[PDB]
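To keep things clear, I will list the structure first and then write my remarks on it.
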Amino acid sequence: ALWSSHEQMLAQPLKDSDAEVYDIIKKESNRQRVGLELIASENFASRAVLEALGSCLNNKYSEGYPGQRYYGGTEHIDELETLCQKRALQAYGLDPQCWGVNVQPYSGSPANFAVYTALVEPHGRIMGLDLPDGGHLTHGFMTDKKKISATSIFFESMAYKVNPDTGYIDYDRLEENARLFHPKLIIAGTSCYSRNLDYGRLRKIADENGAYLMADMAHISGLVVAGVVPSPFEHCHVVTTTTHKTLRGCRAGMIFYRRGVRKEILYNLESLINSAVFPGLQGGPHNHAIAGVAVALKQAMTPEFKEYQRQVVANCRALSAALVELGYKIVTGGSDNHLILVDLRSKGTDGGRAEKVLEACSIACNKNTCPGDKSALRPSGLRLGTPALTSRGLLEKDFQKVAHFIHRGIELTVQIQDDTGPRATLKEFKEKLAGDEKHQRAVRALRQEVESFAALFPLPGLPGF
Amino acid sequence: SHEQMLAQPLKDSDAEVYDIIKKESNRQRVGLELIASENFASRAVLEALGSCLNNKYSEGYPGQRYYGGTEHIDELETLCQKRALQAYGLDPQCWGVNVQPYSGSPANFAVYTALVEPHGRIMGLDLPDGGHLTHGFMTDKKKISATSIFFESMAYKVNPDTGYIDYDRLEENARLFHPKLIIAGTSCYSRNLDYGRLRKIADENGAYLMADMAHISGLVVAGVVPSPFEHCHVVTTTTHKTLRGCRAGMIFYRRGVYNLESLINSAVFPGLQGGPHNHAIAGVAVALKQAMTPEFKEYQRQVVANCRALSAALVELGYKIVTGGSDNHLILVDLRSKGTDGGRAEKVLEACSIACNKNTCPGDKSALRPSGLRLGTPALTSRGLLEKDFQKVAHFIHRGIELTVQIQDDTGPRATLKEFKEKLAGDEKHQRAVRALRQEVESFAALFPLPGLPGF
Amino acid sequence: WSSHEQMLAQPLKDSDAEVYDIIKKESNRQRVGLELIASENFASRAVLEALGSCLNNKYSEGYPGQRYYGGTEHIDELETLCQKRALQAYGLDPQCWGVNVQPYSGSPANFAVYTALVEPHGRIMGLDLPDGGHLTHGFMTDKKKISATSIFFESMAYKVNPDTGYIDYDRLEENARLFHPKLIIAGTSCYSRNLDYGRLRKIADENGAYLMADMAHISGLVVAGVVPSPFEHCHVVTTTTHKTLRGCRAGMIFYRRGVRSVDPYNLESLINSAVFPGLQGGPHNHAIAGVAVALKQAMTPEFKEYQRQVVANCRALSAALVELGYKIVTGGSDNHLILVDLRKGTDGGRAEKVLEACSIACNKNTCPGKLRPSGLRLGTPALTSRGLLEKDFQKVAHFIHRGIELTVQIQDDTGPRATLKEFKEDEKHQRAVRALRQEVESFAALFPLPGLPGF
Amino acid sequence: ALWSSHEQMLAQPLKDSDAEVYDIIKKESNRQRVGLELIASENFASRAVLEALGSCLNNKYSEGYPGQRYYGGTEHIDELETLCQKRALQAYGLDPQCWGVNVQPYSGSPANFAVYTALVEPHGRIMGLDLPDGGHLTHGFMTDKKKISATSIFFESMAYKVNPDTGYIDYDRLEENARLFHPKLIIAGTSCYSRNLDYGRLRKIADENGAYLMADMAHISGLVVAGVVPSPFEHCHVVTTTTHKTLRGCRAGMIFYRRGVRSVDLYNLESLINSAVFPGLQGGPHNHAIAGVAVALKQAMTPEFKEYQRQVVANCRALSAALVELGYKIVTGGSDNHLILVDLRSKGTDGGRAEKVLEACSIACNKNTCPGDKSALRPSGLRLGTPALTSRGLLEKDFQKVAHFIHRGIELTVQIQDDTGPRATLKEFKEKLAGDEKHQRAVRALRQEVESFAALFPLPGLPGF
Ligand SMILES: Nc1nc2c(c(=O)[nH]1)N(C=O)[C@@H](CNc1ccc(C(=O)N[C@@H](CCC(=O)N[C@@H](CCC(=O)N[C@@H](CCC(=O)O)C(=O)O)C(=O)O)C(=O)O)cc1)CN2
Ligand SMILES: Nc1nc2c(c(=O)[nH]1)N(C=O)[C@@H](CNc1ccc(C(=O)N[C@@H](CCC(=O)N[C@@H](CCC(=O)N[C@@H](CCC(=O)O)C(=O)O)C(=O)O)C(=O)O)cc1)CN2
Ligand SMILES: *[C@H](NCC(=O)O)c1c(COP(=O)(O)O)cnc(C)c1O
Ligand SMILES: *Cc1c(COP(=O)(O)O)cnc(C)c1O
Ligand SMILES: *Cc1c(COP(=O)(O)O)cnc(C)c1O
């Protein structure tokens, strides 16, 4: 009686099949185009990458690995996953006899948890940079009464902090505490840290306690491939990372691991990690995303990419320099990478407040706590990254105009705080910011300008989509 | 290097990947895709996956985000939840839903974390009886599944003489094990589950009754099988398979009197996941809207019609169908009913371009000799195949099996089936037959449309 | 203040009149009563004499040959001697069996074995409590875990057929395939029958699990060969040193030595390491001494006859209550005890209280499926150590019988909403309680009370 | 067998029922009489106590508690357990409105484990003084590859150390680490520490992390009752202890706990601790031992006992002073209690060697590492306690002659180490002490004068057995 319209329902372009969702995608693209994206974890994926996501690769189930699958008809997915692993090892200049890699993790958090499952039995001890000091949830997060992060729930985690007076990680206190905590694995990775990680030192600390040194290069993965920051692959046993962010691919994760001699006493990391990801934690691999990651890896090895990362770091340096010239304090004085933590205290306000004033001006960036911050209830900083805007073509001069936009945003934030009063609440702040001509007026002007400037730049991706 | 490759198309930026995708699209077109868990996503859905939604981080939930600029992602995730609850005819005052799970397995593990603390006891169908890894799975050594590592799982089996679940033995064993949660869901079970009974057993032990409708999610939306939302406290599911969307998962939960919402939500984040995959959420949304169309409803009826026809055909051809038949989209064929196993069959059928996988089957020689083949109809039905067509498919599979009992008898009974794969290889005689059959199968499958983008 | 040396020497009778009276009042209580609690016995004078030796003063952490303190020469003779006698008493070969005699009690011994062979969260399988299992074999509810074995380990129980009172070895065999136990327990606290160790062994091997026997209740029966030995099939056998072995309170852990499935057993190191530096501290040498003394007495002919008599009495008692129309689970017993199903129209919950008021000691048992104990467990070791024979145990059966008539009596006068109420016996009852108590105590005083004089 | 032989076997005095054993006992008593017992954990139980152990109380099964038993006929055991709890709460000057106590623990280690089980679920975090610094196994013990103490096996333990330069506990580092470890319970108790514990400071640290402060007064329990050292019952939520050692009772343990309002409202320790001991971990109580503990408690409240404890501390002060006058170094310079940790390094040897030379001279005492000691194997010190010998009546003068005996012991230990050859060690040392004349003749001489003097003092007990 039917089955006639059915064929086309599964054939029409998104625009007609569902106007609502399509309308949402179009307003998102406009939003991304006129705004100044400064969130350190954001970037814009190339057309080639996005083009792969929508392929028929979405349809195939390939549980297992090349050579050892559970389904039939994986010949092409096998070339794909294999090809992707080749490029992944290549992109980071790794030798196949000394390194192996898994490309099925669904995202960044899944990769980390998989490595914990494979090498750290349940309740095994894990050590990672404390959250308020730039750490990531997946590195463990708990309070004096509740285990929040799943890494803290299924395992025993204890954090190491950074020196409150330098913003640097306290390798000395980590070394000492590792002897009392007996970690099975130590994490070398940050989410809001503007400096390089002393992997060499961390490696010795691990070896002293027989622990594994796992690096989480999610934020600097792209910087590493381009050689603008030391590689973690020269000290760590395992390296996990997201494939988006500075690597500029689609969302997914990878787990790199050592192979060979640690021929007396060998690395049995491959078997574990692989079994952990499957049949351990994941099910069918998302081949379409694996393709996207593959495409990204190939672009990542081009000189244009190395060029891009070069510029990403230069821009952070210009931004970092301009805000300083304007009197803003930068945690640890500056950066070695794509981001910087601005301690808004030097201006008499917090990132909790600036977060809002700036967002209303189409300048995206998120609040974050600086060393010593009394409460996470009122974070003294703002994290700023350059990958996104640099993928847009902005150069040093441009980022200097950005620093000024951000600056004005902070002044309004302070101007408004003058009214609310010191003891004023955060709810009261948004209230006063939301209901006041003097302010709303300024917000209309700033926003206008910020957007005007953004509109002057291209926006990578499926054309206006 | 003032070059901007951020725009050059895939066909130019990466010919290698481009080829693999082209070769995969042709492979999918000329083959008879019978794997029960596969389907072909619509073009609209795939289109969404490549949108700019890929670029936004929106950790948390609408109303409660950690980032700024989520106005549109909020409208999306919210829209998706509306459609999810709608598709299954659920009342928002009684049901809530989380649409951030990255896949099917992540969704289950999230529910376990939220409702079953570590080491909590879970009960699910034993895998060899059609259960899924994520429902727990272990041995006398390295527990394969993570659900079996961070939790204490004990399985319930199906009657070996009927292929049916032994709800009686589960009821008794639940009194000794004290499960905190019981799973109602299958990966290879041709029948409807007695949710009502499973509900009565959960309550008897204060346990939660979690349904995993991943395999019949599409069947359920179109009302071709009873709904699990009628008895269960929680229902999780993939968004692909019979729902025909992109890969992702969802978690439905009860609201009223009951704080499953808080836990589940906190479990997915900041518990187990990070940034939501908005582009995939969009894809699931698009699929949900198509799932509520009449065209979808008929498609599902057809999917089930085809399964019966196929089942019937293989039966008329003397093949053993576990429990005699099916109420859904799949059937477990008991090999050995022709004198062979799905272990080798999967390999030859595969060489003939007929895709389907072997399956543990009730007890059998577990992993050593899967006395069965699982066959599903969603994928081919999305292609338009009707009963008559599936009748011809049954014959193609049949011939595949005859060519299997063949190479087997021609293979030493010591069965170095780890070379059988090699005896299929090179041996021009079998490779000859493989081609003869493969030819006919591809000619026949090309007669039907391949959903998705163009020849991409 | 200018003394103290006086105090250290003064007899307890002077130093503590309160405790002394308690001891005397407890000794008289034990003398005039009919002790039927299956887990109770009367230690000999020799044993009790050892408990008060100077052995109480030495710390000897570790083992003979490998101590952490100095001056253990004599404690080393002791522990070693005790181990020799322990293996001997059960006719075991040192090349095949080894033993650890430091466990503080029965429950500590089991927990030590679990810790040594079953890492945390390891699965253990044991007889369900209501079916005669012991707490230490795991015990939990739909809601919470009551036993530590159930808290630091994942336990699943196996039940006894509700229609026969017999263990369902079939359902255990099947369930063991789904649960994957790392260790299965062969032992009971209230089961009148012999366990099928051979079958239990065939089931452990099928799952690669260990077969641990808990012979606490029949330890004495085993030494005298009045019941099959668990050392014929089990990898490990734990046990109390009191109960039917008639020693002081303490536990032991026997283990296999040699090769399990060699083809070109290290239970010793593990268990030993588990007891120390694992779970315990300083051994209780004075108690080890008391266990040694009891083991030597356990190998005498006088002990063997005693055990035969213990079983003879149980049969007689069982038979008598049967002829009295009482329900004995599984119809009878192969050992020292029997589970009486008070159905007579009452329960062991209230029975225990009245019989207790009549000076007939025995506790309520959790018969096969209700906080509402349905039966009464009765043991003969204690009274038999007193010299009672069949004829005497026949008169005991009647004393108990009358006790039940006075019980099943107040239950009609009761609520039926019993509870703290029923714990009221009015004089119409107190008078009877006294009439029966007299008759019991007078008969009870016809027999010798082993051990040191109650004064 | 004639039931008269059976009835008599159960009636014969030990001397006749078992010769081997009765003979062992007799040789042990002789040994204890002629030797100088200096091991800090050793003491001599009174006759009254031992007399209680052998009572018929051995026979009764009384699972549960007074008022709520599982067996019938506990009338007298109920007076006993109740009586014992009254005295336990009394001896320490505790008010029943604020404190309760369980007297069924079989020993010291069982009491601690019971408290962990009741208040700290499995894998809960526990913090205790590191073993090498004077901690006890039950407070947790593990290495960088294996959990040894059961406390470390069924729970997550992390230790807090003492300052290597003072021998004092580092309350500052504990405070800091507690914030990263999030302990659920902190242990205030030592096995080899000559100083008082800052319970008030530890209590604040617990409260800062919502943790319970558990004190383990096994070593100073008797000192506390007599008030010669501050009481732990002033700051701790729970106090566990052995009943032997300085309390001079039979082997057993007790668990004291708070009752009433913690600050909430209230304290919920009673139900848990009691449920943990049973049906949790233990079975039938050892009533005969509970009686012994009761008798000891009554003696513990006499003025003779308080007199004894003062003398115990006075003797440690004389002994400590004498060894110092002879040039021996005492960790932390001295002691506030019954023991002292001598750092044999000042003489060029170790407690591993002195342990043996001194034991062969009938002078009992055990080796023990001193702060900083280069990873055990060769522990620098010797622990020395005075309870045992003081219960024997030794006074200041006497303990000065002991110091001299010990001194000579060390010289021999070094005279032979002179033949040793610095590098040649361990198994070789003993081979020389027990293999060449001059020394043996030296040992025979010393030993003799040691035993003679020892035979000049009484020996608490059954007057011979
Ligand atoms: N009912 C049902 N069907 C389903 C699923 C499901 O969850 N349930 N799946 C989900 O949606 C897919 C299958 N997924 C599975 C993935 C892993 C394991 C598993 O048992 N894992 C172990 C042991 C297997 C094992 O090692 N196998 C044998 C033979 C080797 C092997 O690969 N065997 C093949 C061929 C079988 C044969 O002919 O021997 C096999 O399929 O088992 C061994 O001892 O080494 C592992 O090591 O990964 C099982 C099923 C498809 N069909
Ligand atoms: N087969 C057998 N017989 C044996 C033993 C054995 O191990 N096995 N024993 C060894 O050699 C002795 C008995 N020892 C026992 C010790 C504890 C429990 C027990 O069930 N444990 C807890 C449960 C509490 C419990 O879970 N509480 C519930 C209510 C259940 C319950 O029974 N309620 C009341 C009792 C009824 C009443 O008076 O109201 C209660 O206060 O516990 C809760 O509300 O939290 C207890 O305290 O009774 C049973 C027997 C003698 N006979
Ligand atoms: C006992 N002493 C050990 C020592 O160092 O000499 C002890 C105990 C254990 O008691 P036990 O009867 O179980 O052997 C527990 N806790 C402490 C602090 C000490 O000191
Ligand atoms: C396929 C399936 C899953 C898991 O799906 P993935 O996204 O591949 O993890 C979960 N449950 C059931 C019942 C399934 O059939
Ligand atoms: C009595 C008994 C125990 C425990 O003995 P306790 O010394 O009181 O802890 C253990 N197991 C069984 C089978 C028992 O009968």
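Simple scheme: letters A, B, ... for chains in structure tokens order, numbers from 1 for residues in each chain, numbers from 1 for ligands in the order shown.
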
Exercise for the section: Please run DSSP on the backbone and report, as number ranges by chain, all residues within stretch 38-160 of chain C that come out as strand (DSSP E). Expected result: C: 62-63, 66-67, 97-100, 123-127, 154-158

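Residues from chain D that have an atom within 6 Å of chain C, counting only C-alpha atoms, are residues 1, 6, 10, 11, 13, 14, 28, 44, 46, 47, 48, 50, 53, 54, 59, 71, 72, 76, 109, 149, 150, 279, 280, 281, 282, 283, 303, 304 and 465 of chain D.
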
Problem - Residues within 9 Å of ligand 3, counting only C-alpha atoms and all ligand atoms, as an MDAnalysis selection string - result: (chainID C and resid 59 61 279:284) or (chainID D and resid 39:42 106:112 134:139 188:192 215:220 240:245 251:253)

Handout entry: stretch 130-144 of chain A surroundings by only C-alpha atoms, 8 Å radius, close-in-sequence under 2 positions cut, as an MDAnalysis selection string
Key = (chainID A and resid 109 112:113 126:128 146:152 157:162 187 189:193 368:371 376) or (chainID B and resid 270 272) or (chainID D and resid 182:183 209:210)

Residues of chain B that have any atom at most 8 Å from an atom of ligand 1: could you tabulate them with the shortest-distance atom pair and the distance in Å to one decimal, using only C-alpha atoms and all ligand atoms, ordered by chain and increasing number, as a Markdown table?
| residue | atom | partner | partner_atom_place_in_ligand_line | distance |
| --- | --- | --- | --- | --- |
| B:37 | CA | ligand 1 | 11 (O) | 7.5 |
| B:127 | CA | ligand 1 | 8 (N) | 5.4 |
| B:128 | CA | ligand 1 | 1 (N) | 6.0 |
| B:129 | CA | ligand 1 | 1 (N) | 6.0 |
| B:130 | CA | ligand 1 | 1 (N) | 3.0 |
| B:131 | CA | ligand 1 | 8 (N) | 4.7 |
| B:132 | CA | ligand 1 | 7 (O) | 3.1 |
| B:133 | CA | ligand 1 | 7 (O) | 4.8 |
| B:134 | CA | ligand 1 | 7 (O) | 7.4 |
| B:137 | CA | ligand 1 | 20 (O) | 7.9 |
| B:144 | CA | ligand 1 | 21 (N) | 6.0 |
| B:186 | CA | ligand 1 | 1 (N) | 6.8 |
| B:187 | CA | ligand 1 | 8 (N) | 4.4 |
| B:188 | CA | ligand 1 | 1 (N) | 4.0 |
| B:189 | CA | ligand 1 | 1 (N) | 7.1 |
| B:341 | CA | ligand 1 | 38 (O) | 7.3 |
| B:342 | CA | ligand 1 | 38 (O) | 6.8 |
| B:343 | CA | ligand 1 | 38 (O) | 3.5 |
| B:344 | CA | ligand 1 | 38 (O) | 6.3 |
| B:357 | CA | ligand 1 | 51 (C) | 6.7 |
| B:358 | CA | ligand 1 | 41 (O) | 6.4 |
| B:359 | CA | ligand 1 | 3 (N) | 5.5 |
| B:360 | CA | ligand 1 | 1 (N) | 6.4 |
| B:361 | CA | ligand 1 | 1 (N) | 7.3 |
| B:366 | CA | ligand 1 | 42 (O) | 7.6 |
| B:367 | CA | ligand 1 | 42 (O) | 4.1 |
| B:368 | CA | ligand 1 | 39 (O) | 4.0 |
| B:369 | CA | ligand 1 | 38 (O) | 4.6 |
| B:370 | CA | ligand 1 | 38 (O) | 5.7 |
| B:374 | CA | ligand 1 | 52 (N) | 7.6 |
| B:417 | CA | ligand 1 | 38 (O) | 7.5 |

Exercise for the section: Mind checking which residues fall within 10 Å of stretch 240-246 of chain B, counting only C-alpha atoms, ignoring those fewer than 2 positions away in the same chain, and posting them as a PyMOL selection string? Expected result: (chain A and resi 10+54+58-59+61+286+288) or (chain B and resi 35-42+44-46+48-49+103-104+213-222+237-238+248-249+279-288+290-291+296+300+303+329+376-379+382)

Handout entry: Polymer residues at most 8 Å from stretch 115-118 of chain B, only C-alpha atoms, same-chain spacing of 4 or more positions, as a PyMOL selection string
Key = (chain A and resi 153-154) or (chain B and resi 111+150-151+180-181+260+263-264)

Using N, CA and C atoms, can you write the selected residues to a file as a compact mmCIF listing (two decimals), in the first residue's frame?
# COMPACT_ATOMS: atom_id res chain seq x y z
N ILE A 153 35.13 7.14 41.65
CA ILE A 153 34.15 6.17 42.09
C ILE A 153 34.62 4.72 41.95
N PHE A 154 35.18 4.37 40.80
CA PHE A 154 35.65 2.99 40.58
C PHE A 154 37.12 2.78 40.89
N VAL B 111 23.87 3.80 33.59
CA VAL B 111 22.75 3.44 34.46
C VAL B 111 23.23 2.57 35.62
N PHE B 150 33.47 -4.01 37.32
CA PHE B 150 33.17 -3.05 38.36
C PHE B 150 31.85 -3.36 39.05
N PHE B 151 31.24 -4.48 38.69
CA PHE B 151 30.00 -4.88 39.32
C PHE B 151 29.97 -6.40 39.48
N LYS B 180 20.41 -5.94 42.62
CA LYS B 180 19.99 -4.58 42.86
C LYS B 180 19.31 -4.13 41.57
N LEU B 181 19.69 -4.77 40.46
CA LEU B 181 19.12 -4.44 39.16
C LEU B 181 19.03 -5.65 38.21
N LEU B 260 15.53 8.93 40.10
CA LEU B 260 16.36 8.30 39.08
C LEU B 260 16.97 9.37 38.18
N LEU B 263 20.39 11.00 39.65
CA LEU B 263 21.47 10.02 39.57
C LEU B 263 21.95 9.75 38.15
N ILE B 264 21.04 9.31 37.28
CA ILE B 264 21.37 9.03 35.89
C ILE B 264 22.09 10.24 35.32

Problem - Polymer residues at most 9 Å from residue C:88, only C-alpha atoms, same-chain spacing of 5 or more positions, as a ChimeraX atom specification - result: /C:83,93-94,295,299

Problem - 10 Å contacts from chain B to chain C using only C-alpha atoms, as a ChimeraX atom specification - result: /B:119-121,126,138-141,151-157,169,173-180,204-207

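The residue that comes closest to chain A, out of B:446, B:52, B:198, B:333 and on the basis of only C-alpha atoms, is B:52.
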
Problem - Proximal residues of chain D relative to chain A (only C-alpha atoms; 12 Å) as an NGL selection string - result: :D and (122-131 or 140-147 or 152-161 or 173-174 or 176-185 or 206-211)

Keeping only N, CA and C atoms, write the selected residues to a file as a compact mmCIF listing (two decimals), in the first residue's frame.
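Contents of selection_20.txt, as written:
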# COMPACT_ATOMS: atom_id res chain seq x y z
N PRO D 122 34.10 -1.05 53.17
CA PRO D 122 35.23 -1.62 52.44
C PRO D 122 35.87 -0.59 51.51
N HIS D 123 37.20 -0.57 51.47
CA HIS D 123 37.93 0.39 50.67
C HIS D 123 37.92 1.82 51.23
N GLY D 124 37.31 2.03 52.40
CA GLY D 124 37.29 3.36 53.00
C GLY D 124 38.73 3.74 53.34
N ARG D 125 39.03 5.02 53.39
CA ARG D 125 40.41 5.41 53.66
C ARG D 125 40.77 5.57 55.13
N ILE D 126 41.88 4.95 55.50
CA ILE D 126 42.37 5.00 56.86
C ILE D 126 43.80 5.53 56.90
N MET D 127 44.07 6.42 57.86
CA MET D 127 45.41 6.97 58.01
C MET D 127 46.01 6.63 59.37
N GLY D 128 47.24 6.14 59.32
CA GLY D 128 47.93 5.75 60.54
C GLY D 128 49.44 5.96 60.50
N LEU D 129 50.04 6.07 61.68
CA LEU D 129 51.47 6.26 61.79
C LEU D 129 52.18 5.17 61.02
N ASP D 130 53.12 5.54 60.16
CA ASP D 130 53.86 4.56 59.37
C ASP D 130 54.52 3.51 60.28
N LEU D 131 54.56 2.26 59.82
CA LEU D 131 55.14 1.18 60.62
C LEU D 131 56.55 1.44 61.10
N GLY D 140 47.51 -0.40 59.27
CA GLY D 140 47.75 -0.45 57.84
C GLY D 140 49.20 -0.69 57.48
N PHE D 141 49.43 -1.60 56.54
CA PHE D 141 50.77 -1.89 56.10
C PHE D 141 50.81 -2.38 54.67
N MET D 142 51.51 -1.64 53.81
CA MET D 142 51.62 -2.04 52.41
C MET D 142 52.89 -1.52 51.77
N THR D 143 53.25 -2.12 50.64
CA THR D 143 54.44 -1.71 49.91
C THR D 143 54.01 -1.20 48.53
N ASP D 144 54.97 -0.95 47.66
CA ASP D 144 54.68 -0.44 46.33
C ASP D 144 54.27 -1.54 45.36
N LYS D 145 53.90 -2.70 45.89
CA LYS D 145 53.51 -3.80 45.03
C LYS D 145 52.54 -4.78 45.69
N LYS D 146 52.29 -4.62 46.99
CA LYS D 146 51.37 -5.52 47.68
C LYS D 146 50.83 -5.08 49.05
N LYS D 147 49.54 -5.33 49.26
CA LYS D 147 48.86 -5.00 50.51
C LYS D 147 49.03 -6.15 51.50
N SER D 152 45.15 -3.09 55.24
CA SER D 152 45.51 -2.53 53.93
C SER D 152 44.92 -3.33 52.77
N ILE D 153 44.50 -4.55 53.06
CA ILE D 153 43.89 -5.40 52.06
C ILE D 153 42.42 -5.06 51.85
N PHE D 154 41.65 -4.95 52.93
CA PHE D 154 40.22 -4.64 52.85
C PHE D 154 39.88 -3.16 52.96
N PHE D 155 40.91 -2.32 52.98
CA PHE D 155 40.70 -0.89 53.08
C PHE D 155 41.85 -0.15 52.43
N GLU D 156 41.65 1.14 52.19
CA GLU D 156 42.70 1.93 51.58
C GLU D 156 43.39 2.71 52.68
N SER D 157 44.63 2.35 52.95
CA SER D 157 45.40 2.99 53.99
C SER D 157 46.56 3.78 53.44
N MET D 158 46.84 4.91 54.10
CA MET D 158 47.97 5.76 53.75
C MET D 158 48.52 6.18 55.09
N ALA D 159 49.84 6.12 55.22
CA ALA D 159 50.49 6.46 56.48
C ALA D 159 50.95 7.89 56.60
N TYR D 160 51.13 8.34 57.85
CA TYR D 160 51.68 9.66 58.13
C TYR D 160 52.93 9.31 58.92
N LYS D 161 54.03 9.96 58.60
CA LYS D 161 55.29 9.67 59.24
C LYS D 161 55.68 10.66 60.33
N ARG D 173 52.45 17.83 58.30
CA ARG D 173 52.35 17.09 57.06
C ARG D 173 51.12 16.20 57.04
N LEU D 174 50.64 15.80 58.21
CA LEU D 174 49.45 14.95 58.29
C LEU D 174 48.27 15.81 57.91
N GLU D 176 48.12 18.47 56.09
CA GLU D 176 48.13 18.75 54.65
C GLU D 176 47.71 17.55 53.80
N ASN D 177 48.28 16.39 54.09
CA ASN D 177 47.96 15.17 53.34
C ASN D 177 46.52 14.69 53.56
N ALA D 178 45.97 14.93 54.74
CA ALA D 178 44.60 14.52 55.01
C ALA D 178 43.69 15.19 53.99
N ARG D 179 44.03 16.41 53.59
CA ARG D 179 43.21 17.16 52.65
C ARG D 179 43.21 16.59 51.25
N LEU D 180 44.25 15.82 50.92
CA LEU D 180 44.35 15.22 49.59
C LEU D 180 43.86 13.76 49.59
N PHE D 181 44.00 13.08 50.73
CA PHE D 181 43.61 11.69 50.85
C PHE D 181 42.15 11.51 51.26
N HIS D 182 41.60 12.48 52.00
CA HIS D 182 40.21 12.40 52.45
C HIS D 182 39.99 11.13 53.29
N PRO D 183 40.69 11.01 54.43
CA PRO D 183 40.53 9.82 55.27
C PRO D 183 39.18 9.78 55.96
N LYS D 184 38.61 8.59 56.12
CA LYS D 184 37.34 8.48 56.81
C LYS D 184 37.60 8.28 58.29
N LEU D 185 38.81 7.82 58.61
CA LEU D 185 39.22 7.57 59.98
C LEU D 185 40.73 7.72 60.19
N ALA D 206 40.89 15.65 62.15
CA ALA D 206 39.79 14.77 61.77
C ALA D 206 38.58 15.61 61.40
N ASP D 207 38.15 16.48 62.32
CA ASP D 207 36.99 17.34 62.08
C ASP D 207 37.08 18.15 60.79
N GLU D 208 38.29 18.52 60.39
CA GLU D 208 38.46 19.30 59.18
C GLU D 208 38.08 18.50 57.93
N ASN D 209 38.18 17.18 58.03
CA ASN D 209 37.87 16.30 56.91
C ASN D 209 36.66 15.41 57.14
N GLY D 210 35.93 15.68 58.23
CA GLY D 210 34.75 14.90 58.57
C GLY D 210 35.07 13.47 58.96
N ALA D 211 36.34 13.20 59.30
CA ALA D 211 36.77 11.86 59.66
C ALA D 211 36.65 11.57 61.14

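With distances taken over only C-alpha atoms and all ligand atoms, B:235 is the one residue among B:79, B:94, B:235, B:10 lying closest to ligand 4.
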
Exercise for the section: May I have the residues within 9 Å of residue A:38 as a list in words, using only C-alpha atoms and disregarding those fewer than 2 positions away in the same chain? Expected result: residues 36, 40, 41, 42, 363, 364, 365, 366, 383, 384, 385, 386, 387, 388 and 389 of chain A

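If only C-alpha atoms are the atoms counted, then among A:14, A:295, A:281, A:49 the closest residue to residue A:26 is A:14.
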
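For the residues B:345, B:331, B:232, B:146, ranking by smallest atom-to-atom distance to chain A using only C-alpha atoms places B:146 first.
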
Exercise for the section: Using DSSP on the backbone coordinates, identify the residues of stretch 218-383 of chain D assigned to helix (DSSP H, G or I); present them as number ranges by chain. Expected result: D: 221-225, 232-234, 245-247, 269-281, 287-300, 303-325, 331-333, 344-347, 351-359
